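Report on the structure given below.
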Amino acid sequence: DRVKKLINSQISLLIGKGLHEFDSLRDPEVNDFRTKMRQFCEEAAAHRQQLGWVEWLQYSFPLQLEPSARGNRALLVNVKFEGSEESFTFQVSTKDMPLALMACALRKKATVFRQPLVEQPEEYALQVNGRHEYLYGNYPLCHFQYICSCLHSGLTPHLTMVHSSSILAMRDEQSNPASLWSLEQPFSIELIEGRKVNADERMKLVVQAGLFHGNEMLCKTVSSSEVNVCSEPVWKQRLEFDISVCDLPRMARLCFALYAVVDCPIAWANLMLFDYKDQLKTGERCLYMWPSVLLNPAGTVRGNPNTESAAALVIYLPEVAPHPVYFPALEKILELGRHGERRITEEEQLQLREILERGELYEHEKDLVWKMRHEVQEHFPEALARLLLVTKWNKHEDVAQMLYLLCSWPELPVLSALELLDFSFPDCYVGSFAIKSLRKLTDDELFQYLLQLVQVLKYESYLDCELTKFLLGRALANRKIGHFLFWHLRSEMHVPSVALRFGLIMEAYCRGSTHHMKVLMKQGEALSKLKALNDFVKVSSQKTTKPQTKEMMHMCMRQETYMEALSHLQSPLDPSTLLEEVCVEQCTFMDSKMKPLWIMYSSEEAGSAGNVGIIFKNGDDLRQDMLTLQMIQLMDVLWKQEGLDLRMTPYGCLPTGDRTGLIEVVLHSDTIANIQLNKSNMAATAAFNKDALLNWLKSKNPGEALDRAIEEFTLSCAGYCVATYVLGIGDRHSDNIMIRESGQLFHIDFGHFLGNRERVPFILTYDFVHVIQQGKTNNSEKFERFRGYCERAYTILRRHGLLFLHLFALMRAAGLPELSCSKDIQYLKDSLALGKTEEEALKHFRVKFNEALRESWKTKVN
Ligand SMILES: COc1ncc(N2CCOc3ccc(CN(C)C)cc32)cc1NS(C)(=O)=O
């Protein structure tokens, strides 16, 4: 009673939408979703509460492994036991496993405490000090991201021996508190009227209507008659479509576009012809229209919630029978589809093989794919998508024949399944099949594609769907998946077209983890304070000097309400990172229009690794930055899987609200512009501005360390030259390029990509060529190694070209202005030269790299 009511108010506050608002809709689809998903998520919670202690570590602290390890050398490690000040430093091999390190620490504890211990190494796990990260399992130490990170930066790993009883105490502490196919007549509707229409009185109003199965028309579009512009237009007319009622596929959507003609677009509205319970819709429909920015088939099938101001179209769906009509059950479909004809010549089998291994077709090529559909299934199962695209979705007999093959189709690789999630495959059985083949995604692969899977929810026609159930089950089985699923949904609650769907998924998730709900509430409280703090800084920076606004920001942060809200939270950018003590004196803000905040933290428990920063931004939109950075990270994983480490810096970036988000601070780094300012009385001051970068590296890396820094610069420079070229990152200048004290170069500010439109050429800067060449004018040995790194990076990306294409195609659902159409996708197709052979693509890259070298030399002339 009192706990339920409190939890309900806590979910309302967390998701940014009162749960009573779901109840007020009196929507049976909303009610069934809420009841079935609450049950599903509570069942997941009960399974979790009884997990074994090692399984609970897999849930709460999933392993962070090196990409090359997924599916020798000496090392110094500092190990302590929980709640003990005392620690032990000892030598291990990078090939040693956590258990050997643990047995070693237990022998030391037994010698110091003078007693032969009862404890076996099997009863413990290794925590990374002051982090929600653990080392466990039969993996050598160098396979762990944390150990790998220490090895490269020279730092000593600091670990804590945590007993099973302590992990079990965590699990316990975090518990949830106790017949259609006979109807041959053409499809028709009555277009009754319009309400709250706003247009120029000199013009006339028209309603264009179309039937779609995804993006493809099921028949030609039909238009109403022209009627004089007014607030309440009255048509009362029959719109007849060239398709029989029996031929409407299950996922058929009726799409409307209201406009004014002398073309002046006004509004659009879509609806599914069948409901969530498979019933063919009849009766009057009031469609609350969305404003046009003509027909929008990809647009949401739910009405505009702003019923007070929105244009409304009133339609009538006729009663096609005196009894309700449902879409036929799978048994009936399989029965009709089971019947057909299966041959073809040795020459035409070569023609089919040619086009299936080849991707638009000519009409005759389509007919052969369809005729040879059984052979597509048995000998080319990976060509399923091609066959689905040749299926006549406007003929129920062909759809039955297609569904018959699909229902016995072998499971496809993850790559093939991602393509099938596109809106180009709108059928529900196709969608279910795609999810079935995605079930084999590892948590690491799932995390890599989570952003695209969340965007795909915007294409879904109904609330209760296989994709939502899949995402929820995986989120509830892995705390990190759960964390990012929550933030990707929460960051879009200000978007009315997704607020209901996203709000309902977050509620179900919360029912599955009351403890995680409170952990996320703590994060939301810090974000609420940062927004109030940022508003103060925006106002104050216009009235006074920078030192004054900064002192005022500090005084504001030092208030008890701010010190409480801003400290002791898991970072929204990374739940493994603990943001412990806010270091007010180190906090500041940037001089740009939105005055973003620079927030520093420290943790005595984590030591040096506890010194972390976040950038809070309110006013800018970080969605494209997050996507670009996720793509750069993916490049890093694919390169590392080929044994290529280009020493990349894919720092965290996460939208959290309406034009609000965080960016991970990379410490010990500066922009190229700041370094090239060549200030006097500094360790880097230069005789020639071209020496500035190398002198800065020299001051940071004395003696023998310079060699390693130049190499880190070269590797990262090759990675970023390739990444920015492939992704078409433009507006590159000295203040959006950074260098770490390690020598690593990295890019920032990804507000423009995919050419935005101009084809971005490969960029080679003389300043960077100068450092790669160790400061020498001529150094082809070092320069050409760098070219090899670029070529190797580029050829790896090309081999995974389809993965980038499939992911970017799914991202079109995000509604990013620079990722809206096929033209934007064509940019990636050209940058990766996907229509060519590897030798032709490498020849093309070489011409592009040489064109960038001749461009660079115009600066070398001076
Ligand atoms: C899209 O905006 C951003 N993208 C990335 C960063 N990074 C992330 C990595 O750590 C950094 C360390 C220093 C600087 C450069 N300094 C001048 C603040 C920038 C960054 C920062 C911003 N936004 S800002 C700070 O420029 O207002």
Side-chain angles (χ1 to χ4, degrees), residues 149 153 491 527 530-531 533-538 541 546 549-550 553 571-574 577 579 583 586-602 609 611-633 636 647-677 679 692-693 696 700 712-713 716 719-720 723-724 727 729-754 756 816-818:
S149 181
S153 74
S491 67
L527 291 166
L530 288 174
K531 162 70 181 146
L533 187 68
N534 209 162
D535 287 347
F536 171 76
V537 166
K538 280 173 175 174
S541 59
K546 169 105 179 226
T549 309
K550 183 169 166 178
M553 171 198 183
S571 177
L573 297 153
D574 182 2
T577 299
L579 307 182
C583 298
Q586 272 193 276
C587 303
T588 193
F589 63 99
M590 272 58 66
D591 301 322
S592 46
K593 195 191 152 192
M594 300 307 181
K595 314 287 169 201
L597 308 180
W598 174 271
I599 313 293
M600 285 302 304
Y601 287 90
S602 71
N611 291 331
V612 289
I614 63 167
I615 290 154
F616 173 82
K617 284 213 183 204
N618 177 235
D620 292 309
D621 169 1
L622 296 177
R623 291 184 294 155
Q624 191 158 294
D625 275 82
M626 169 179 63
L627 172 64
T628 305
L629 287 156
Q630 285 202 9
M631 290 302 164
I632 291 163
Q633 215 278 314
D636 186 53
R647 310 294 307 132
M648 306 296 279
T649 305
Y651 58 86
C653 184
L654 180 78
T656 51
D658 180 358
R659 303 187 70 85
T660 303
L662 299 176
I663 310 171
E664 183 189 359
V665 160
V666 173
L667 296 166
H668 317 298
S669 71
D670 210 344
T671 62
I672 298 316
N674 283 332
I675 294 162
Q676 294 187 143
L677 282 177
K679 284 180 171 183
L693 272 174
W696 184 84
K700 293 311 176 177
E712 295 284 296
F713 182 91
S716 59
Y720 282 95
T724 58
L727 298 170
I729 313 299
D731 197 21
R732 301 292 82 198
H733 49 252
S734 59
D735 52 68
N736 56 39
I737 306 165
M738 303 205 63
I739 180 170
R740 301 181 68 176
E741 300 177 1
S742 72
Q744 292 162 280
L745 178 147
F746 69 99
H747 285 237
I748 65 160
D749 201 9
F750 305 105
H752 302 303
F753 79 176
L754 300 183
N756 309 109
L816 305 181
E818 299 189 355

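Numbering of residues begins at 1 and proceeds along the displayed sequence. Side-chain atoms are counted along with the backbone in the values below, which use heavy atoms only and exclude waters and symmetry mates. Order of listing sets the numbers, starting from 1, for every ligand and every atom in it.
Side-chain contact check for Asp625 and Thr628: no donor-acceptor pair (N or O, by modelled atom type) lies under 3.5 Å. Side-chain contact of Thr724 with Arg732: a donor-acceptor pair under 3.5 Å is absent, judged by distance alone.
Closest of all the heavy-atom pairs between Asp735 and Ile748 is O-CD1, 3.9 Å.
Every atom of ligand 1 is numbered from 1 in the order shown, and the set under 4.0 Å from a heavy atom of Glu664 is 8 (C), 9 (C), 10 (O). For ligand 1, the atoms closer than 4.0 angstrom to any heavy atom of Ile615 are 21 (C), 25 (C). Residue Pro596 approaches ligand 1 through these ligand atoms, each under 4.0 Å from one of its heavy atoms: 27 (O). The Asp625 neighbourhood of ligand 1 comprises atoms 1 (C), with distances under 4.0 Å to a heavy atom of that residue. Atoms of ligand 1 lying under 4.0 Å from at least one heavy atom of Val665, given by number and element, are 10 (O).
When hydrogens are left out, the protein atom nearest atom 4 (N) of ligand 1 is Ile663 CD1, 3.7 Å; that is the closest non-hydrogen contact. Of all protein heavy atoms, the one lying nearest to atom 17 (C) of ligand 1 is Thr671 CG2, 4.5 Å. Distance from atom 13 (C) of ligand 1 to its nearest protein heavy atom, with residue and atom name: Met738 CE, 3.6 Å.
Geometrically, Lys531 does not engage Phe536 in a cation-pi contact defined by less than 6.0 Å to the ring centre and at most 45° from the axis.
Screening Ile675, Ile672, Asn674 for a side chain to side chain contact (heavy atoms under 4.5 Å, CB included) with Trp696, the sole residue that qualifies is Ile675.
In this structure, of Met594, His668, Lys617, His747, the residue bringing a heavy atom nearest to atom 26 (O) of ligand 1 is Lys617. Nearest to atom 6 (C) of ligand 1 by heavy atom, out of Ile748, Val666, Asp749, is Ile748.
A donor-acceptor distance shorter than 3.5 angstrom exists from the side chain of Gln744 to the backbone of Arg647, with no hydrogens or angles considered.
In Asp735, neither the side chain nor the backbone holds a heavy atom less than 4.0 Å from any atom of ligand 1. With a heavy-atom cut-off of 4.0 Å, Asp620 does not touch ligand 1 at all.
Distances from atom 2 (O) of ligand 1 to the protein include at least one heavy-atom value under 4.0 Å.
Side-chain contact between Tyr601 and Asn611 is absent, with no heavy-atom pair separated by less than 4.5 Å.
Residue-ligand proximity: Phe750 is placed with every non-hydrogen atom at 4.0 Å or more from ligand 1.
Within a 6.0 Å sphere centred on NZ of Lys679, other residues, nucleotides and ligands contribute 12 heavy atoms or fewer.
Within the model, atoms CZ of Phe616 and CG of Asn534 stand 5.5 Å from one another, a figure rounded to the nearest 0.5 Å.
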